[PDB]
Amino acid sequence: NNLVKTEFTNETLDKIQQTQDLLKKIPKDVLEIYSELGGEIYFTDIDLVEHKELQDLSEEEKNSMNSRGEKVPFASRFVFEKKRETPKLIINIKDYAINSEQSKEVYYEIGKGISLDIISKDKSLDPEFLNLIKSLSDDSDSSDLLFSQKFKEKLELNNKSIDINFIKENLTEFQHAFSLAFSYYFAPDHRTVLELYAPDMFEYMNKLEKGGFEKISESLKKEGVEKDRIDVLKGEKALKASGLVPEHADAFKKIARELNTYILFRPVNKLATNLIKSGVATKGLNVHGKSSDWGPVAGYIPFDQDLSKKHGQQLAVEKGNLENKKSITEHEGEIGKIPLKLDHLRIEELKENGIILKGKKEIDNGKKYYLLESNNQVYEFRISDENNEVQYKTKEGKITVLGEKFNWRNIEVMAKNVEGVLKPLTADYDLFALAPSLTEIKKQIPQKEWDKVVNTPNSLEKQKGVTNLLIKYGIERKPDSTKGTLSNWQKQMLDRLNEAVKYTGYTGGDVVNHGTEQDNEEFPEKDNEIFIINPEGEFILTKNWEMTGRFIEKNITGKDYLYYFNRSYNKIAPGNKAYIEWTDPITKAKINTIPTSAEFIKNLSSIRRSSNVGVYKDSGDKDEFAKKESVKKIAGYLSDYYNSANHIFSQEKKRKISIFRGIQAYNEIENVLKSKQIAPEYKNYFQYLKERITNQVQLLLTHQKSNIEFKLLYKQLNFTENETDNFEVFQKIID
Amino acid sequence: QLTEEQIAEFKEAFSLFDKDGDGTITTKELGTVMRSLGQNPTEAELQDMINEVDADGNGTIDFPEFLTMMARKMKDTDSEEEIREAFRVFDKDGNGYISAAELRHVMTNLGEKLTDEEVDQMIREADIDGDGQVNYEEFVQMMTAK
Ligand SMILES: [Ca+2]
Ligand SMILES: [Ca+2]
Ligand SMILES: [Ca+2]
Ligand SMILES: [Mg+2]
């Protein structure tokens, strides 16, 4: 954002040693106000007229109230402000004299003035009483009714009080003032002419120079960020789609701050939000049953699957039931089914939600049943009175998709053990990710170990010793029998989350059961909205997989917090065979990196297992072996590229010795690529491996002497029989 | 129990360096198959593995004898990834590259005090191609290479 652009360095100093003199005059802050309003100042040679590469027809001259007073003969100007979006001050000079009759350089101030002004205290925030009153100094305050400088035509209206009644009207007139006011306070000659003829505006400008220019230069710098940002609907406006329960979120708001670590959750279904506050325990890993979003059960894991979202999916439900059964079968005493008892508040909730309709009553065997209604067309529901249990049955003119038909039975739901008591289950807090600050991980490391590592001689082993430490105590994730796959701190932080939501008033046990979806390598899922609770307290809820990505990049990744992303990203995860995209840097730099021995051999084995033919077949064709031999040769050059002994050399050399080792590779590639009928699949690959090398050598070139384009440097080589001088050649070729 | 893909490689590489195309590789040959594969045993640890199953020309290993020995140090080590996540960590700006700037930067948040001299000193020795910056590749090298 260089604010001042000097077009022509034509003349010697004079032009320069003049533009400077002009700028060193104006306050370093008034400028920053400019370089904030996105302004730029232009000092061109003699482009006087509409010649400025930025002076043609955009938003030019519409209504004539130009200079101090007025004149408007454009063609005769040397100073101008491109009035409309970003401010653009364009100015030029010819010969020496400006001081004599500064009546000239004074316009570089007003001519400027029309820049900050209207966006300055005079009107940005509004004509705040500060300038709303300085305006009043027409003739009411001090015995100084001397303003025959800026109020000749537009304000010879002494007979009309100047407060709010009419100041809006001609905001521009009170501009023609902040202008000549500025021009007079900073002009190189008349400074006191604005300390005499105007008793207060001097003080205004002065107060402004005092620090008033640093003012807006901060109420703008701040709205500099807060403006162009990443839409995220923070505050309880988010905590509303979060699903999370306010006492909990707010509860979490303490942990983020104490341990300085972002917390991100996927979305907790709304039809569970309260069941959670209500005290219903949450679904762990043991249960793989489907929740539901309708009827009386909604928010519970209906032991019966044809009563959960997947209503009708004869096989999803089929396999669905089969899932709760094992959930219990295998993990028993902890996982089972208990009757659905919709407490008080709950009913009124599924009511104003439309999930259920409470109406007519009825009698049966002696007990009362308010009959609960729901537009489901196969099952009917009624809720007991004694105990508020619930029941359903197949309507007398329908059946269960699986092929079942039954009379009034209670609705059991899945429930896990909780202090020896099968409590019902609802959605849990599935963390999407945990971003502890790097500093918080150092605290995770045991002083002795770290010490034993930094108190080393090898400047490089040190780094290694450290990274492993940072890997060991912070990035590593081992699997757990209980909590899925997760880091160790991930766990400590995991308990502290629950404890926090239990030292509040939760009696359903734990609300965060497993680790972070960033380890759900098998069945990873893509959620648009992600609730995040910053290290300080603000709640946030991104809107796009990207925004989330974009957020995390700005606030987490490149900001001193340790984050890692789902390994199955950019790949094709097995479990659900879903491809989930995430910006990976290392990949952003592959396009320019010579591959590796093994990175190469890998991509072969790849193609082999597909089109079942290798770069070389197990035959006697001495032409085939020609090929075999030849790849073994590429898998050498490449292997030679990445030689760690390259250190006993020096940057310049490295770049060279490498551009060659590199080239060597690119060559035998050109070779095979023109060899015998290597499957068209490998044809391409190699064609890809070329661009790489290429890109890689250009890079290593633009770091030193770069006019030579890879394509050209190539020609000049002789890869015929001898290899010797070739390099000696290459050398000179790059000097 | 190496995945099949963990086989295609361990062979598409075991063969490439099988000059006398039989189906077994000499000593130096194993040594080579491994290095290429991005690994590298010691001048003497190269034996203990092969040196243990002599039923060949007392110094040669078949495809099996190999695809097998690949769990003495493989069925264990799952480090490759940690190391690539450590990388994305230092690369504080998303340029796929690590710079002395960001090295030193992150080197301190973790509580270490490095001298402007001794950081431009790491980067250097970590750099193999001279571009004055460490990429995953060279990073992976620095770390693993013992
Ligand atoms: Ca052999
Ligand atoms: Ca970087
Ligand atoms: Ca490098
Ligand atoms: Mg869960």
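What counts and how
Residues numbered from 1 in each chain as written, not as in the entry; some residues may be left out. Chains lettered and ligands numbered in written order. Heavy atoms only, no water. Residues with missing side-chain atoms left out of burial classes, pairs and counts. UniProt positions renumbered as here; feature names shortened; annotations may be inferred. Helix = DSSP H or I, 4+ residues; strand = E, 2+ residues; numbered from the N terminus. Rg over C-alpha atoms; globule rule 2.2 N^0.38 Å. Contact = heavy atoms within 4.5 Å. Pairing = 2+ DSSP bridges. Buried area = accessible area lost by both parts, 1.4 Å probe. Salt bridge = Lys/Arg side-chain N within 4 Å of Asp/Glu carboxyl O. Nonpolar A, V, L, I, M, F, W, Y, C, P; charged D, E, K, R; others polar. Donors = N, O, S within 2.8 Å, 3.2 Å for Na, K, Ca; no water. Buried < 20%, exposed > 50% of the residue type's maximum accessible area, 1.4 Å probe, protein only. Domains from an automatic or database assignment. Tetrahedral: all angles 85-135°; square planar, octahedral: opposite > 155°, others 65-115°. Axes fitted to C-alpha atoms, helices over the stretch in contact; angles between N-to-C directions. Parallel < 35°, antiparallel > 145°, perpendicular 65-115°, else oblique. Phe/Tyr/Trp six-rings, centres within 6.5 Å; stacked < 30°, edge-to-face > 60°. Core = buried A, V, L, I, M, F, W, Y, C linked by side-chain atoms within 4.5 Å.

The PDB entry lists chain B under the name Calmodulin 2, with Homo sapiens given as the organism. On record in UniProt, under Sequence similarities, the comment for chain B is "Belongs to the calmodulin family."

Chain A carries the name Calmodulin-sensitive adenylate cyclase in the PDB entry, which gives Bacillus anthracis as its organism. Taken verbatim from the UniProt record of chain A, the Catalytic activity comment is "ATP = 3',5'-cyclic AMP + diphosphate". Chain A has a UniProt comment under Cofactor that states "Ca(2+)".

### Regarding the overall build of chain A
For chain A, the helix and strand inventory stands at 24 helices and 19 strands. In terms of overall size, chain A is more extended than a compact globule, its C-alpha atoms giving a radius of gyration of 38 Å where 735 residues would be expected to give roughly 27 Å. With respect to the principal axes defined by its C-alpha atoms, chain A has extents near 105 × 95 × 60 Å. Sequence-distant contacts in chain A: of pairs separated by 6 or more residues, those separated by 24 or more amount to 65%.

### Topic: the sheet that holds strand β10 (residues 379-384) of chain A
Strand order in the open sheet formed by 5 strands is β8-β9-β10-β11-β12 (chain A), and the pairing between neighbours is antiparallel. Two strands in the sheet have a free side with no partner beyond their single neighbour: β8 (357-364) and β12 (409-410) of chain A.

### Considering the interface of chain A and chain B
Each partner contributes to the interface: chain A provides 63 residues, whereas chain B provides 59 residues. Interface area for chain A against chain B, summed over the two sides, is near 5600 Å², with a carbon-plus-sulfur share of 61%. At the boundary of chain A with chain B, the tally comes to 7 salt bridges. Close ionic contact of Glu85 of chain B with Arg567 of chain A constitutes a salt bridge, the shortest N to O distance being 3.0 Å. Elements with a contribution of two residues or more to the side of chain A that touches chain B: α13 (438-442), α14 (447-454), α15 (459-475), α18 (585-588), α19 (597-608), α20 (622-641), α21 (651-673) and α22 (680-701) of chain A. Top contributing element to the side of chain A that touches chain B by residue count: α15 of chain A, with 10 residues. Residues of the side of chain A that touches chain B, tallied by class, amount to 25 nonpolar, 20 polar and 18 charged.

### Comments concerning the coordination of the magnesium ion (ligand 4)
Each protein donor to the magnesium ion (ligand 4) is listed here as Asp428 of chain A (OD), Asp430 of chain A (OD) and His514 of chain A (NE2); together their distances run 2.5 to 2.6 Å. Under the relative-accessibility criterion, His514 of chain A is labelled buried at 13%.

### Regarding the domain arrangement of chain A
Entries for chain A in the domain assignment read domain 1 (1-228), domain 2 (229-268 + 428-581), domain 3 (269-427) and domain 4 (582-735). Between the C-alpha centres of domain 3 of chain A and domain 4 of chain A there is a distance of 64 Å.

### Some words on the environment of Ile26 of chain A
Residue and element names in this part refer to chain A. Checked against the element boundaries, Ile26 lands in the loop between α1 (16-23) and α2 (28-34). Under the relative-accessibility criterion, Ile26 is labelled buried at 3%. Spatially, the C-alpha atom of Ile26 lies 9.8 Å from that of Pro188, the residues being 162 residues apart in sequence. Not counting residues within four places of it along the chain, the set of residues in contact with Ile26 comprises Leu31, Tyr108, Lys112 and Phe182.

### Considerations on the coordination of the calcium ion (ligand 3)
Residue and element names in this part refer to chain B. Listed as protein donors to the calcium ion (ligand 3) are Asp127 (OD), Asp129 (OD), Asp131 (OD), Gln133 (O), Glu138 (OE) and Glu138 (OE); their distances from the metal cover 2.1 to 3.2 Å. Taken together, the 6 donor atoms coordinating the calcium ion (ligand 3) span angles of 44 to 172° at the metal, a pattern that classifies the geometry as irregular. Between consecutive donor residues of the calcium ion (ligand 3), the sequence gaps follow D-x1-D-x1-D-x1-Q-x4-E. Taken as a pair, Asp131 and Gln133 share a single burial class, namely buried.

### Focus: the packing of α15 of chain A against helix α8 (residues 136-144) of chain B
Contact geometry of α15 of chain A with α8 of chain B gives a least axis separation of 9 Å together with a crossing angle of 90°. Here α15 of chain A lies roughly perpendicular to α8 of chain B, going by the angle between them. Across the interface between the two elements, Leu460, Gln463, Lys464 and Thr467 of chain A from α15 of chain A touch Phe139, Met142 and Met143 of chain B from α8 of chain B. By residue class, the composition of the contact of α15 of chain A with α8 of chain B is 4 nonpolar, 2 polar and 1 charged.

### Focus: the packing of aromatic side chains
All names here are of chain A. Applying the stated criterion to the full structure yields 48 aromatic pairs over all chains. Arranged with centres 6.2 Å apart and planes meeting at 80°, the rings of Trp294 and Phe381 form a pair that is edge-to-face. Placement of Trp294 in the loop between β6 (281-282) and α11 (316-330) and of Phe381 in strand β10 is noted, with a sequence separation of 87 residues between them. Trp294 sits in the buried class, given a relative accessible area of 15%. Exposure remark for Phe381: the relative accessible area of 1% places this residue in the buried category. Taken together, a centroid distance of 5.4 Å and an interplanar angle of 75° make the contact between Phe531 and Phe539 edge-to-face.

### Observations regarding the pattern of salt bridges
Under the counting rule described, the total for this entry stands at 43 salt bridges over all chains. Here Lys24 of chain A ties to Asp21 of chain A by a salt bridge, and the two come within 3.9 Å at their closest N and O atoms. For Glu440 of chain A, the salt bridge is made with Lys443 of chain A, and the minimal N-O distance between the two is 3.0 Å. With relative accessibility at 60%, the residue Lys443 of chain A sits in the exposed group. A single network of salt bridges, built from pairs that share partners, joins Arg477, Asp519, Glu521 and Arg567 of chain A together with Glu81, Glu82 and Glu85 of chain B.

### A few points about the UniProt feature "binding site: Mg(2+)" in chain A
All names here are of chain A. Within the UniProt annotation, "binding site: Mg(2+)" is assigned to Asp428, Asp430 and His514. A stretch of 87 residues holds the annotated residues, and the largest C-alpha distance among them is 9.4 Å, short enough that they meet in one place. With respect to the secondary-structure elements, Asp428 resides in the loop between β14 (423-426) and β15 (431-436). Residues within four places of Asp428 in sequence aside, it is in contact with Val268, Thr282, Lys283, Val511, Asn513 and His514. With respect to the helices, strands and loops of the structure, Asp430 is situated in the loop between β14 and β15. If we ignore the near neighbours within four places in the chain, the residues touching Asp430 are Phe265, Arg266 and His514.

### Quick notes on the UniProt feature "binding site: Ca(2+) 2" in chain B
Residues and elements named next belong to chain B. Per the UniProt record, "binding site: Ca(2+) 2" is annotated on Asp54, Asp56, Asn58, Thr60 and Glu65. Topologically, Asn58 is positioned in the loop between α3 (45-50) and β2 (61-62). Residue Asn58 is classed as exposed on the basis of its relative accessible area of 58%. Its location among the elements puts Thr60 in the loop between α3 and β2. Among the residues examined, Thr60 registers a relative accessible area of 15% and is labelled buried. Residues contacting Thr60, with those up to four places away along its chain left out, are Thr24, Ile25 and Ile50.

### Side note on the nonpolar core
Inside soluble globular proteins, nonpolar side chains tend to come together where they are buried. The biggest cluster of nonpolar side chains holds 56 residues, and the ones touching the most others in it are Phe600 and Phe686 of chain A together with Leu30 and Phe66 of chain B. If you list the elements that add at least two residues to this core, you get α19, α20, α21, α22 and α23 (710-715) of chain A together with α2 (27-36), α3 and α4 (63-69) of chain B. In contact with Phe66 of chain B, not counting residues within four places along its chain, are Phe10, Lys11, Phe14, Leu30, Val33 and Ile61 of chain B. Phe252, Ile255, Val501 and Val511 of chain A belong to the second-largest nonpolar core, a separate cluster that totals 39 residues.

### Some remarks on helix α10 (residues 270-277) of chain A
All of the buried residues along α10 of chain A are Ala272, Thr273, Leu275 and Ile276 of chain A. Here the buried face of α10 of chain A lies against α9 (246-259), α12 (344-349) and β14 of chain A.

### Here we look at the environment of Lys325 of chain A
All names here are of chain A. Residue position: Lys325 is located in helix α11. Residue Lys325 is classed as partly exposed on the basis of its relative accessible area of 45%. Remark: the alpha-carbon pair of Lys325 and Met414, spanning 89 residues in sequence, is separated by 9.8 Å.

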